[PDB]
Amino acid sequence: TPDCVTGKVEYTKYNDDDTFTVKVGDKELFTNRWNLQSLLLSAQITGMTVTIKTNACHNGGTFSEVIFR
């Protein structure tokens, strides 16, 4: 899957539909994977660099693959 954005997690958002948004690089993207919520907030808090890979690489686009570096 192509890299979409890489960078520290700028901010995150818990959404009303229970999905979870991250702003990384130039994009907000959201995931419907419950498991990723804790992981991504941890990554935000600790300032980890993450790479979000998705074919739907647009603002508001969906993702389910993350590399934590």
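Throughout, we count residues from 1 along the sequence that is shown.
J.: If you rank every modelled residue in this chain by C-alpha B factor, which third holds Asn35: lowest, middle or highest?
T.: It falls in the top third of the chain.
J.: If you rank the chain by CA B-factor, which third does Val22 end up in: lowest, middle or highest?
T.: Tercile = lowest for this residue's CA B-factor.
J.: Taking the C-alpha B-factors as the PDB entry records them, is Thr54 in the lowest, middle or highest third of its chain?
T.: It belongs to the middle third of the chain when residues are ordered by C-alpha B-factor.
J.: Please say which third, lowest, middle or highest, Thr12 falls into when its CA temperature factor is compared across its chain.
T.: Answer is lowest: the recorded C-alpha B-factor places it there.
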